[PDB]
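Peer 1: below: the sequence, then the experimentally determined structure.
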Amino acid sequence: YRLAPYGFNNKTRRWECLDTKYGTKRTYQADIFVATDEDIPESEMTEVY
Amino acid sequence: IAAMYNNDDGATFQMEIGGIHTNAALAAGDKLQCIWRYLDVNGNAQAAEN
């Protein structure tokens, strides 16, 4: 099963999938992801879209 | 209420409260109820409670 990245949309306040052409067309509410630990450093992450 | 409007944040929105007696304070987690009227996207007035 392929996992696609999800990005927050400030205008509608929902986690909407990137990769519009070939991807899931579902949008999830906030509170799905709750952050309480230290985040991943920006240097390690790879940029997509 | 006076005014209410949204914020650029993901979560919150801003609200004034108007005339209040001096000996009063608010703590986080308090709940407020109101019946207010807004303008729909189509341009028609509506009413709601929250």
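Peer 2: Arrived safely. Numbering: from 1, shown residues only, chains lettered A, B, ... in the order given.
Peer 1: count of neighbours near residue 17?
Peer 2: Assuming you mean chain A. 15 (other CB atoms under 10 Å in any protein chain shown). The way it works is simple: take the backbone N, C-alpha and C, and place the C-beta from them, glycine included.
Peer 1: hmm, no, I was thinking of chain B.
Peer 2: 10.
Peer 1: and for the one 10 residues further on?
Peer 2: A count of neighbours around residue B:27, defined by other CB under 10 Å, yields 5.
Peer 1: quick one: name the residues of chain B near chain A.
Peer 2: B:8, B:10, B:11 (CB under 8 Å from any CB of the partner chain).
Peer 1: residues near the residue lying closest to the last one once chain neighbours are set aside, how many?
Peer 2: Put plainly, it is residue B:11. When the adjacent residues along the chain are set aside, residue B:11 lies closest to residue A:30, with 7.6 Å between them (CB to CB, 6 or more residues apart in numbering or on different chains). Residue A:30: 12 surrounding residues under other CB under 10 Å.
Peer 1: same deal with the one 10 residues further on?
Peer 2: By the criterion of other CB under 10 Å, residue A:40 has 8 neighbours.
Peer 1: just residue A:6 next, same as before
Peer 2: So residue A:6, with other CB under 10 Å, has 19 neighbours.
Peer 1: next, the spatially closest residue to it that is not a sequence neighbour: secondary structure please.
Peer 2: Closest residue to residue A:6 apart from its sequence neighbours, by CB to CB, 6+ apart: residue A:15 at 4.5 Å. Secondary structure state of residue A:15, per DSSP: H, G, I helix; E, B strand; the rest coil, is strand.
Peer 1: kindly report the same for residue A:40.
Peer 2: coil.
Peer 1: ok, it to chain B distance?
Peer 2: Separation of residue A:40 from chain B (CB to the nearest CB, to the nearest Å): 19 Å.
Peer 1: span of stretch B:6-17 from start to end?
Peer 2: Terminal residues of stretch B:6-17 lie 15 Å apart, using CA to CA, to the nearest Å.
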